[PDB]
>>> print(open('coords.cif').read())   # mmCIF, C-alpha atoms
data_model
#
loop_
_atom_site.group_PDB
_atom_site.id
_atom_site.type_symbol
_atom_site.label_atom_id
_atom_site.label_comp_id
_atom_site.auth_asym_id
_atom_site.auth_seq_id
_atom_site.Cartn_x
_atom_site.Cartn_y
_atom_site.Cartn_z
ATOM 1 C CA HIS A 1 124.768 106.058 112.231
ATOM 2 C CA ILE A 2 121.529 104.622 113.655
ATOM 3 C CA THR A 3 121.591 100.963 114.743
ATOM 4 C CA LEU A 4 118.471 99.052 115.834
ATOM 5 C CA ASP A 5 119.391 96.326 118.345
ATOM 6 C CA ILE A 6 116.662 93.767 119.026
ATOM 7 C CA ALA A 7 117.324 90.934 121.530
ATOM 8 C CA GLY A 8 121.076 91.549 121.384
ATOM 9 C CA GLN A 9 121.563 91.256 117.606
ATOM 10 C CA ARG A 10 122.125 94.326 115.480
ATOM 11 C CA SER A 11 119.348 93.340 113.037
ATOM 12 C CA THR A 12 120.314 94.733 109.632
ATOM 13 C CA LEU A 13 117.100 96.067 108.068
ATOM 14 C CA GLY A 14 115.849 99.348 106.663
ATOM 15 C CA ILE A 15 114.210 101.973 108.857
ATOM 16 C CA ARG A 16 112.153 104.505 106.929
ATOM 17 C CA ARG A 17 110.822 106.332 110.028
ATOM 18 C CA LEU A 18 112.176 106.561 113.565
ATOM 19 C CA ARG A 19 110.674 108.832 116.203
ATOM 20 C CA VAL A 20 111.654 108.754 119.884
ATOM 21 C CA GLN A 21 109.226 110.486 122.226
ATOM 22 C CA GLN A 22 110.032 111.554 125.777
ATOM 23 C CA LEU A 23 107.871 113.734 128.038
ATOM 24 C CA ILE A 24 107.864 114.996 131.598
ATOM 25 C CA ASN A 25 105.596 112.537 133.486
ATOM 26 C CA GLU A 26 104.908 109.879 130.859
ATOM 27 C CA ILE A 27 106.408 106.601 129.692
ATOM 28 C CA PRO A 28 108.853 107.424 126.864
ATOM 29 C CA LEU A 29 108.199 105.577 123.616
ATOM 30 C CA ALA A 30 109.765 105.029 120.193
ATOM 31 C CA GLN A 31 107.990 104.275 116.908
ATOM 32 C CA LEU A 32 109.858 102.424 114.181
ATOM 33 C CA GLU A 33 108.715 101.808 110.640
ATOM 34 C CA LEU A 34 110.320 99.183 108.433
ATOM 35 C CA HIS A 35 109.938 97.957 104.870
ATOM 36 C CA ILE A 36 110.130 94.222 104.166
ATOM 37 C CA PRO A 37 111.289 93.927 100.527
ATOM 38 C CA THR A 38 109.397 91.568 98.247
ATOM 39 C CA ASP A 39 110.612 92.460 94.739
ATOM 40 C CA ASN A 40 114.203 91.168 95.101
ATOM 41 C CA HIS A 41 113.802 87.408 95.195
ATOM 42 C CA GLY A 42 116.280 84.619 95.855
ATOM 43 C CA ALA A 43 118.364 83.984 98.959
ATOM 44 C CA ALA A 44 117.596 87.361 100.550
ATOM 45 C CA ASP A 45 113.838 86.986 100.057
ATOM 46 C CA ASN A 46 113.362 84.458 102.855
ATOM 47 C CA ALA A 47 116.401 85.659 104.817
ATOM 48 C CA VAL A 48 114.495 88.887 105.461
ATOM 49 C CA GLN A 49 111.554 86.754 106.622
ATOM 50 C CA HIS A 50 113.827 85.317 109.316
ATOM 51 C CA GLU A 51 114.697 88.801 110.611
ATOM 52 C CA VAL A 52 111.116 90.025 111.038
ATOM 53 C CA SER A 53 110.039 86.792 112.772
ATOM 54 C CA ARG A 54 112.418 87.686 115.633
ATOM 55 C CA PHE A 55 110.144 90.619 116.556
ATOM 56 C CA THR A 56 108.049 88.932 119.206
ATOM 57 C CA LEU A 57 106.010 91.050 121.607
ATOM 58 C CA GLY A 58 108.292 91.832 124.527
ATOM 59 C CA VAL A 59 111.971 91.849 123.582
ATOM 60 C CA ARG A 60 114.898 94.078 124.397
ATOM 61 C CA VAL A 61 114.902 96.834 121.760
ATOM 62 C CA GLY A 62 117.859 99.191 121.640
ATOM 63 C CA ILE A 63 118.334 102.287 119.480
ATOM 64 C CA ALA A 64 121.771 103.851 119.136
ATOM 65 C CA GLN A 65 122.357 107.284 117.590
ATOM 66 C CA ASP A 66 125.950 108.402 116.713
ATOM 67 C CA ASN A 67 127.480 105.676 118.963
ATOM 68 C CA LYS A 68 125.390 106.825 121.942
ATOM 69 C CA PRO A 69 122.358 105.035 123.414
ATOM 70 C CA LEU A 70 119.088 106.537 122.183
ATOM 71 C CA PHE A 71 116.124 104.591 123.560
ATOM 72 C CA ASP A 72 116.604 101.103 125.184
ATOM 73 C CA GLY A 73 113.108 99.709 125.867
ATOM 74 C CA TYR A 74 110.848 96.664 125.574
ATOM 75 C CA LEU A 75 108.633 96.146 122.508
ATOM 76 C CA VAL A 76 104.838 96.586 122.314
ATOM 77 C CA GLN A 77 102.377 96.751 119.397
ATOM 78 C CA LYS A 78 103.891 95.427 116.152
ATOM 79 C CA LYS A 79 101.565 96.494 113.291
ATOM 80 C CA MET A 80 101.971 95.384 109.657
ATOM 81 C CA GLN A 81 100.130 96.832 106.655
ATOM 82 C CA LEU A 82 100.605 94.841 103.377
ATOM 83 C CA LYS A 83 98.808 97.003 100.799
ATOM 84 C CA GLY A 84 99.484 95.963 97.221
ATOM 85 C CA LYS A 85 103.118 95.078 96.710
ATOM 86 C CA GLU A 86 104.081 97.206 99.714
ATOM 87 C CA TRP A 87 104.609 95.284 102.935
ATOM 88 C CA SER A 88 105.619 97.508 105.840
ATOM 89 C CA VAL A 89 105.767 96.720 109.544
ATOM 90 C CA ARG A 90 105.511 99.291 112.337
ATOM 91 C CA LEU A 91 107.076 98.827 115.745
ATOM 92 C CA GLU A 92 106.625 100.559 119.053
ATOM 93 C CA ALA A 93 108.738 100.201 122.148
ATOM 94 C CA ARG A 94 108.126 101.447 125.666
ATOM 95 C CA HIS A 95 110.422 102.163 128.612
ATOM 96 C CA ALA A 96 110.815 99.967 131.710
ATOM 97 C CA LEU A 97 107.962 102.000 133.266
ATOM 98 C CA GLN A 98 105.566 100.072 131.004
ATOM 99 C CA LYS A 99 105.666 97.213 133.526
ATOM 100 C CA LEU A 100 103.810 99.445 136.016
ATOM 101 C CA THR A 101 100.830 100.639 134.039
ATOM 102 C CA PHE A 102 98.055 97.999 133.676
ATOM 103 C CA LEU A 103 97.854 95.739 136.731
ATOM 104 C CA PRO A 104 95.760 96.814 139.741
ATOM 105 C CA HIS A 105 97.804 96.371 142.893
ATOM 106 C CA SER A 106 97.022 97.248 146.492
ATOM 107 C CA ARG A 107 99.378 98.212 149.331
ATOM 108 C CA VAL A 108 99.054 100.270 152.535
ATOM 109 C CA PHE A 109 102.411 102.039 153.274
ATOM 110 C CA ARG A 110 102.187 102.873 156.977
ATOM 111 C CA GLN A 111 104.913 104.974 158.655
ATOM 112 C CA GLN A 112 106.918 105.797 155.525
ATOM 113 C CA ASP A 113 108.374 108.864 153.822
ATOM 114 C CA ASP A 114 107.269 110.368 150.496
ATOM 115 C CA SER A 115 110.386 108.939 148.839
ATOM 116 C CA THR A 116 110.462 105.510 150.497
ATOM 117 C CA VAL A 117 106.932 104.858 149.245
ATOM 118 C CA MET A 118 107.915 105.695 145.691
ATOM 119 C CA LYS A 119 111.493 104.434 145.307
ATOM 120 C CA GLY A 120 110.221 101.066 146.502
ATOM 121 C CA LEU A 121 107.359 101.383 144.032
ATOM 122 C CA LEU A 122 109.459 102.050 140.928
ATOM 123 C CA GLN A 123 111.850 99.280 142.025
ATOM 124 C CA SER A 124 109.423 96.512 140.987
ATOM 125 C CA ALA A 125 110.488 96.876 137.333
ATOM 126 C CA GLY A 126 114.168 97.685 137.810
ATOM 127 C CA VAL A 127 113.871 101.459 137.528
ATOM 128 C CA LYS A 128 116.461 103.167 139.735
ATOM 129 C CA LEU A 129 115.267 106.404 141.325
ATOM 130 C CA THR A 130 117.739 109.287 141.648
ATOM 131 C CA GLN A 131 116.794 111.868 144.266
ATOM 132 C CA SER B 1 71.250 110.930 46.509
ATOM 133 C CA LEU B 2 68.755 108.704 44.625
ATOM 134 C CA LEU B 3 66.143 111.427 44.129
ATOM 135 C CA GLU B 4 67.690 114.891 43.914
ATOM 136 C CA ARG B 5 70.726 117.033 44.721
ATOM 137 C CA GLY B 6 69.595 119.592 47.298
ATOM 138 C CA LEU B 7 71.622 119.974 50.466
ATOM 139 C CA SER B 8 70.469 118.961 53.927
ATOM 140 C CA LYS B 9 71.674 121.350 56.625
ATOM 141 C CA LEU B 10 72.014 120.393 60.274
ATOM 142 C CA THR B 11 69.271 121.386 62.698
ATOM 143 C CA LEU B 12 69.775 122.137 66.401
ATOM 144 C CA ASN B 13 66.553 121.430 68.290
ATOM 145 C CA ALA B 14 66.158 122.383 71.939
ATOM 146 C CA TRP B 15 63.850 121.363 74.780
ATOM 147 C CA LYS B 16 63.568 122.185 78.432
ATOM 148 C CA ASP B 17 62.999 118.851 80.172
ATOM 149 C CA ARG B 18 65.030 115.676 79.732
ATOM 150 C CA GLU B 19 62.354 114.263 77.407
ATOM 151 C CA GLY B 20 60.731 115.814 74.354
ATOM 152 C CA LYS B 21 57.605 117.160 76.049
ATOM 153 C CA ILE B 22 58.477 120.875 76.305
ATOM 154 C CA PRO B 23 60.040 122.286 73.101
ATOM 155 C CA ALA B 24 62.252 125.362 73.228
ATOM 156 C CA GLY B 25 63.494 127.095 70.064
ATOM 157 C CA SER B 26 65.069 125.277 67.140
ATOM 158 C CA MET B 27 67.510 126.587 64.534
ATOM 159 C CA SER B 28 69.050 125.162 61.382
ATOM 160 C CA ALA B 29 72.582 126.359 60.710
ATOM 161 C CA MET B 30 73.888 127.156 57.243
ATOM 162 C CA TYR B 31 77.418 126.267 56.071
ATOM 163 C CA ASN B 32 77.807 122.639 57.254
ATOM 164 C CA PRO B 33 80.759 121.839 59.571
ATOM 165 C CA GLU B 34 83.107 120.045 57.003
ATOM 166 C CA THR B 35 84.094 117.628 59.845
ATOM 167 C CA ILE B 36 82.424 116.225 62.937
ATOM 168 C CA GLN B 37 84.209 114.371 65.715
ATOM 169 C CA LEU B 38 82.753 112.270 68.504
ATOM 170 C CA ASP B 39 85.213 110.988 71.106
ATOM 171 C CA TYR B 40 84.436 108.019 73.325
ATOM 172 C CA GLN B 41 86.400 107.257 76.483
ATOM 173 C CA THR B 42 86.137 104.572 79.166
ATOM 174 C CA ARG B 43 88.045 104.790 82.447
ATOM 175 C CA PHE B 44 89.720 101.692 83.895
ATOM 176 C CA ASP B 45 91.600 101.271 87.181
ATOM 177 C CA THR B 46 94.232 98.580 87.703
ATOM 178 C CA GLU B 47 93.760 96.022 90.470
ATOM 179 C CA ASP B 48 96.777 96.179 92.796
ATOM 180 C CA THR B 49 95.955 92.859 94.437
ATOM 181 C CA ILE B 50 98.512 91.455 96.867
ATOM 182 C CA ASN B 51 97.994 87.830 95.810
ATOM 183 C CA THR B 52 99.870 88.390 92.475
ATOM 184 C CA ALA B 53 98.043 85.578 90.688
ATOM 185 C CA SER B 54 96.691 87.768 87.890
ATOM 186 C CA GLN B 55 96.954 91.172 86.233
ATOM 187 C CA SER B 56 93.638 92.906 85.559
ATOM 188 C CA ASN B 57 91.859 96.235 85.649
#
>>> encode(input="coords.cif", output="C-alpha cells")
Amino acid sequence: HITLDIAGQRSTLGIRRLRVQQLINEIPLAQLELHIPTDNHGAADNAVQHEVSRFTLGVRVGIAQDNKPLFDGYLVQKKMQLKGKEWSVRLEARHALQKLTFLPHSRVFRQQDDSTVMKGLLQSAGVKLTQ
Amino acid sequence: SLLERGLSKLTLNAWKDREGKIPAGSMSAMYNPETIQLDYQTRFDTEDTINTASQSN
C-alpha cells in the first residue's frame, strides 16, 4: 500500500489526498492531506496529537507506493484548517533541489566546461548529476 | 352577530404603489372560502463553532 515515512518512522495516520507532481525543469513536489480525528476520545485522542507534532518544517519525508519509493523529499508549508469539528492538516514536500532556490549566490567560473559548471552547482545540496 | 344575520363577504382591494395613495380596482368575491390558512416560517442556521462550549443556532 502507501506508507508515509517522516523522519524515519512510518507514522500511522490517515491520508485522504496524496498527489505527487514531477515536471521537466522544475522541483518535484508532493501534497499530502491528513485528518486529525477529534470525535474518538480517550487514549488515542492525545496519541494522535503526538504524531502531528513531529511534523516540523524541514524533515525527511518519504512516500512509498507498492513497496517502491515514490517521492523522498524534505517538508515545506504545513497548513492546517480547523473548520467546525473538522481539523485537517495539509503537507507539502519538495525535492533536494529546494535547497538551491532562494539564496542569492555569486561565482565566476573561469576556464570550465558546460557540465563542470553545473555538476559542481547541483552538488551543493547532494544532488548527483548523471550525464 | 349582535345586530343582524346578513353575511359579510371578503373584499379584495388593489392599489398600485406600496401605500394606499393610488387605488386600482376592487372586487368582493361571493361564496366565502370555508377555510383560510396563513403559514409562518422562520429560518435558523446552526452555529458550528469549534470551541464546543455551547449548542445554538
>>> interface_residues(input="coords.cif", of="chain A", to="chain B", cutoff="12 Å", atoms="all atoms listed in the file", output="PyMOL selection string")
chain A and resi 38-39+81-87
>>> residues_near_point(input="coords.cif", point="(108.2, 106.4, 109.6)", cutoff="9 Å", atoms="only C-alpha atoms", output="compact mmCIF listing (two decimals) with C-alpha atoms, in the frame of the given file")
# COMPACT_ATOMS: atom_id res chain seq x y z
CA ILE A 15 114.21 101.97 108.86
CA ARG A 16 112.15 104.50 106.93
CA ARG A 17 110.82 106.33 110.03
CA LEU A 18 112.18 106.56 113.56
CA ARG A 19 110.67 108.83 116.20
CA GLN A 31 107.99 104.28 116.91
CA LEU A 32 109.86 102.42 114.18
CA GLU A 33 108.72 101.81 110.64
CA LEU A 34 110.32 99.18 108.43
CA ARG A 90 105.51 99.29 112.34
>>> atom_distance(input="coords.cif", atom1="atom CA of residue B:12", atom2="atom CA of residue B:28")
5.9 Å
>>> residues_around(input="coords.cif", residues="residue A:10", least_positions_apart="3", cutoff="12 Å", atoms="all atoms listed in the file", output="PyMOL selection string")
chain A and resi 2-7+13-14+51+54+60-64
>>> resolve_selection(input="coords.cif", expression="the PyMOL selection byres ((chain A and resi 126) around 12)", output="PDB file with C-alpha atoms, keeping the file's coordinate frame")
ATOM      1  CA  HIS A  95     110.422 102.163 128.612  1.00  0.00           C
ATOM      2  CA  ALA A  96     110.815  99.967 131.710  1.00  0.00           C
ATOM      3  CA  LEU A  97     107.962 102.000 133.266  1.00  0.00           C
ATOM      4  CA  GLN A  98     105.566 100.072 131.004  1.00  0.00           C
ATOM      5  CA  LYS A  99     105.666  97.213 133.526  1.00  0.00           C
ATOM      6  CA  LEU A 100     103.810  99.445 136.016  1.00  0.00           C
ATOM      7  CA  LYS A 119     111.493 104.434 145.307  1.00  0.00           C
ATOM      8  CA  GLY A 120     110.221 101.066 146.502  1.00  0.00           C
ATOM      9  CA  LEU A 121     107.359 101.383 144.032  1.00  0.00           C
ATOM     10  CA  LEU A 122     109.459 102.050 140.928  1.00  0.00           C
ATOM     11  CA  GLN A 123     111.850  99.280 142.025  1.00  0.00           C
ATOM     12  CA  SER A 124     109.423  96.512 140.987  1.00  0.00           C
ATOM     13  CA  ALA A 125     110.488  96.876 137.333  1.00  0.00           C
ATOM     14  CA  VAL A 127     113.871 101.459 137.528  1.00  0.00           C
ATOM     15  CA  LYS A 128     116.461 103.167 139.735  1.00  0.00           C
ATOM     16  CA  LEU A 129     115.267 106.404 141.325  1.00  0.00           C
TER      17      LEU A 129
END
>>> closest_residue(input="coords.cif", among="B:45, B:53, B:13, B:4", to="residue B:29", atoms="only C-alpha atoms")
B:13
>>> atom_distance(input="coords.cif", atom1="atom CA of residue B:33", atom2="atom CA of residue B:8")
12.1 Å
>>> atom_distance(input="coords.cif", atom1="atom CA of residue A:59", atom2="atom CA of residue A:92")
11.2 Å
>>> axis_aligned_box(input="coords.cif", around="stretch 17-31 of chain A", padding_each_side="6 Å", output="JSON")
{"center_x": 108.5, "center_y": 109.6, "center_z": 121.8, "size_x": 19.3, "size_y": 22.7, "size_z": 35.5}
>>> residues_around(input="coords.cif", residues="residue A:28", least_positions_apart="3", cutoff="7 Å", atoms="all atoms listed in the file", output="NGL selection string")
:A and (21-23 or 94-95)
>>> closest_residue(input="coords.cif", among="A:116, A:12, A:88, A:101", to="residue A:48", atoms="only C-alpha atoms")
A:12
